[PDB]
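Novice: Sending over a structure as structure tokens; questions will come in a sec.
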Amino acid sequence: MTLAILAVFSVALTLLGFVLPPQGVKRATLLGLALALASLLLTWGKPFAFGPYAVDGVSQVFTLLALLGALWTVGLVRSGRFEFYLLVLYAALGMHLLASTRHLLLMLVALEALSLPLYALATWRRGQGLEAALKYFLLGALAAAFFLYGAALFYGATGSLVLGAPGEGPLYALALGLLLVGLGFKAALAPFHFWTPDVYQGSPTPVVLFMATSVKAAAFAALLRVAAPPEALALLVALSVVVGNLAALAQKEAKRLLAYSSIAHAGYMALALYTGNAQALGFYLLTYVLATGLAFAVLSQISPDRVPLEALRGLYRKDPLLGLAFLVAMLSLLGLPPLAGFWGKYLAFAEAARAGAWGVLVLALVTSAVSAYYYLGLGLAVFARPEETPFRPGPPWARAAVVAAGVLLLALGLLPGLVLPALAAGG
Amino acid sequence: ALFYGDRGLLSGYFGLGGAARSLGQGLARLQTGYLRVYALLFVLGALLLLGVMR
Amino acid sequence: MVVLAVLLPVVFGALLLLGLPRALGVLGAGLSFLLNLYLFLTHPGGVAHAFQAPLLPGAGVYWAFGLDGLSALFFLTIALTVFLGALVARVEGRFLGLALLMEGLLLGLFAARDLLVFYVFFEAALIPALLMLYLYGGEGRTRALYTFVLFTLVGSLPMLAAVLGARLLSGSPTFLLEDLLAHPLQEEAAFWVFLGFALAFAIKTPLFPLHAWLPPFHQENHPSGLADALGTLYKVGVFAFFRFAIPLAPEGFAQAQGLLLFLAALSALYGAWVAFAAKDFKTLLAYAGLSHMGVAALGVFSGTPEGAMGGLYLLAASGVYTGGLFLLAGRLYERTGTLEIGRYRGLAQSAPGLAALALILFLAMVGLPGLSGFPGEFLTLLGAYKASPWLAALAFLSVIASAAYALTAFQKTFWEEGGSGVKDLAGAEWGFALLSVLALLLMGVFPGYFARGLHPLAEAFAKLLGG
Amino acid sequence: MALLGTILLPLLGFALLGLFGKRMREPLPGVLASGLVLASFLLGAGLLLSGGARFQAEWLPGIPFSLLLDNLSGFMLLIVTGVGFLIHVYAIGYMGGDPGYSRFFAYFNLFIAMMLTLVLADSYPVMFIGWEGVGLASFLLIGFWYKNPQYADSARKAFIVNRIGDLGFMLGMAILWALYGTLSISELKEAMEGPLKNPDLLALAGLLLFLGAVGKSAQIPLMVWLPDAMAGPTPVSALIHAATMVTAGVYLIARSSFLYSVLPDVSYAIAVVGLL
């Protein structure tokens, strides 16, 4: 009954914004999200289902992550439009409904409920922001049509629209493919990845933070419910990792390169889909969410509209803690020991090998070794000479948040036997 | 002469890195920015995936 | 127990990086040396200080540690070498903490009793090296760094799939090497895993076609050569071959033995030969280290417990005296400012005892009997000749080129006509030279005392290639 | 054990004259060195007259440390010690006003001790230790006055040629380990008589051993390295060309006589090379 909290806070604030200043609405949104996160904590191991709304490990883990990213990105947003806060709340609820259900049509309603505010949140009014919003909107509506005809063919294979049905042969395969299309689109899986670089590049940096945390979390939370065959999974993984890393080599801009990196990481995460572990994947996505939110909060402190690769450099001289955290984050996103990115990568690779897919896994590993080119061109650059770059060195809010995120990344890298024992029912 | 040959071997490894980057930018040039290009490549990949699923 | 000796260099490196002052890292390395030598004594066997803790119970990962005979003398070698490099360093770049971190990491790596912990340290040791390389010198620093790092990573990441296969395809309950050795891999499945092992271990052994990372790595480091010393300690490949690669998948190694021995011989010869054409100290010593790894790989690949123990003993001692020569070159650079072999010829007359130290280190390099290199060199010859006489014979057209390059460099650097005159010796260099030559003499004259613990492992793991 | 002190003395002497060395007056290095040479001559003649000596100490597994003093070993010992002491006095005289007096006599002590370790040996590895130690001391002493490039390349070429011969030695030793597994001339000889096996391999080990002997005693083709030893001081040249570093080759044949006597073509070729 956290969904009740979200609905109540969103609907109350919708009117209260007419009586309350945007700062008051901001603080109210912060309180509501923190209370929803706490409610998730107190409900660890307390499954609660009403209808198609079903709370399992995936629901709890991924909604906790989404609320974390939402709280972080609200910490940064101070705009004098209460709307620019309300949407966040809305998106949260929507993504919540995406991970907490098995009904395919309710999945579609949740997809729309989370996707609509995300189109608008990217409107700092820069023309490229609008170009990105239009590309995003059209491709997302195309993916919604594909997902919908997949749900229709699913109902063609069985009397219910709930996942877990036995499933037929070719028609069930076609329906599952048409569902996976839209779901991986939301998860930045290739060959549906084209929107990601343009959208990440055009939108303001804190919006891309919110995206790169909550969108990917909720999309994989919805993906785990699907019984994806391993051959299509191999196709998606291979194409995503290869094209992502290769085209990321040639990129000159930080945000576009990072969108390509998120494509490669979604390809990596899709390996747990071989086993559908949802424990290892919860841990992996926890680490990736923390690191990327950190990096994009820093990028927001650098530049909202666009951040070039040189801008990242010299940050340590500018800010010591920020440079350290960016370096640690780059290494964790590379999946290097003793960092939690390595545990997530190892857990996904173990699930994939346990399913017996070898060439795909080796290719992902070789390409991930290739990724050190730009992962190092970013992580180490913290120490370079500062070139011309606008730099606003943030408030103490974001500094302490970045510190906590980096410390937690390295701590879960060193000692995963602390939380990972509790990513199932949660003893 | 073998020192020269080691120099050439390291240069060939560099050539491998350069082939990787060149392939990368050839795949990066695939994103032109016209939405029609993106939707066409989207539909092509989705058809390909649905064909593989058999 | 083992955990404390492993951790002490790491924590002291932390207290050097974050805390102050520079000097305390020297005594930390000394304390590590003392504790590693004590643990080397009274050693009953592998169980010496057994340590078991959970890391990923669900996955099957445990902190597994303990002292083999091999791990004992390797602990001793690393602790001694790093302590010498700590006192005489003169780097003072405020990064010796990174060197102590790498020392502790390599200690844990050799103390690895389970495969995943070995892999973890194998991958983690990439960080110090790249740091002390990047921000502490060199013009093409980032490029040689990318070369080395990409080589290691392209090799290593598929080896993760190899280790996942070794655990799963044998039905092992955990990653412990004991359990994995209890459940061997079957034919046409050990093939791929050993191939993944051989690429990742050869590119880091290093072997001939994959040695391209070593000269650029060694040149652009801190010119004092501390980073170069520890990177030379980073050639641990051979160990993983004998302990991990071959026993866990000997079936494919049975077929790949000829090619591996060929690579080892050709690497040795090519390194010791091209070292002659080297015009500078870093390139020369890089090719020397490649030669030594070629000989060690020959000894391990030959079977022949003689050759195996000899290759390992040669590996340890070669790390020692190569790090010694790197520090010597760094000190002569600090006092002169140039590492060219041609210029600054008169050193010997101005340098009273630095010439003799460099000469002892070089003699141990070319494998002169009475020093630590000769036992392993000759045992490896014996074992390889047992395995393949042709490859041991070709590979041992090495002492000739070894003598050539070592004496050419020593003469053109020290012996010839006097120049200006150069600083004689530093107070830290006194203890450095004393202890270095002491260790060289003790480990070369009494390879009976040492290397006894190496014999049972060698004979068992070599007969494993038998019936 | 008393046999080992004869070698231990021109080690303490070398360490004193090398480490501190010039902290002594000019005549002293010769005095200490000559005293060690004479007190090794004496204790070796006393052992030989007492019937002989044997000593075994632990070394590489399967390859122990064996010293055997018999008639053939004591003969060489007395020769080397007497000529070395005489050249020591002649060098005390001849070296005058030259720095490196201690360097000179420390290298002398090293040379004598290593030559003794060479001849007093029941195991081929110890023979090879002595071989390369003699090559080292010779390369050192030829370049005693190091300020000259001309008298550096001489010793350079010397030690390179020496190491070629020594590689031949190493390969013969590996052969005589693969076959029998002893590598101790005593037990290897007591086991080598009777059922000879792979006569090709036996003749090959003899051929490589003779190749090492050629490099040691500067025979064809390794002949060229000896004349440049003129570069070294005259008492060094005497010690290198008369008492040591050349007798090692013939002594190798004298000790491996059991091997070379059953090899007619090998011994014939050895005679041919001697004539050439």
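From the backbone N, Cα and C atoms, a Cβ is placed for every residue, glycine too.
Copied straight from Swiss-Prot:
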TRANSMEM  C:1-21  transmembrane segment
TRANSMEM  C:23-43  transmembrane segment
TRANSMEM  C:47-67  transmembrane segment
TRANSMEM  C:91-111  transmembrane segment
TRANSMEM  C:115-135  transmembrane segment
TRANSMEM  C:144-164  transmembrane segment
TRANSMEM  C:190-210  transmembrane segment
TRANSMEM  C:258-278  transmembrane segment
TRANSMEM  C:308-328  transmembrane segment
TRANSMEM  C:354-374  transmembrane segment
TRANSMEM  C:390-410  transmembrane segment
TRANSMEM  C:430-450  transmembrane segment
Novice: Which residues of the same chain, at least 6 past either end of the transmembrane segment (C:91-111), have a Cβ under 8 Å from a Cβ in it?
Specialist: 2, 5-18, 22, 25, 28-29, 32, 36, 65-67, 70-71, 74-75, 78-79, 82, 85, 117-118, 121-122, 124-125, 128-129, 131-132, 135-136, 222, 224, 226-227, 230, 233-234, 236, 239, 330
Novice: Quick check for me: are there 3+ Cβ pairs below 8 Å between the transmembrane segment (C:354-374) and the transmembrane segment (C:144-164), leaving out pairs under 6 residues apart?
Specialist: no
Novice: With pairs restricted to those 6 or more apart in sequence, evaluate whether the transmembrane segment (C:308-328) and the transmembrane segment (C:430-450) have 3+ C-beta pairs under 8 Å.
Specialist: yes
Novice: Can you tell me which recorded stretch out of C:1-21, C:23-43, C:390-410, C:430-450 has the most Cβ pairs within less than 8 Å of the transmembrane segment (C:258-278)?
Specialist: C:390-410
Novice: List, by number or range, the same-chain residues at least 6 past the transmembrane segment (C:23-43) whose CB is under 8 A from its CB atoms?
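Specialist: For the transmembrane segment (C:23-43), the list is 2, 4-5, 8-9, 12-13, 15-16, 49, 67, 69, 72-73, 75-76, 78-80, 82-83, 85-87, 96-97, 100, 103-104, 107, 453.
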Novice: Please give the sequence-distant neighbours of the transmembrane segment (C:430-450): residues at least 6 beyond its ends with Cβ less than 8 Å from one of its Cβ atoms.
Specialist: 73, 80, 84, 87-88, 313, 317, 320-321, 324, 327, 353-354, 357, 360-361, 364, 370-375
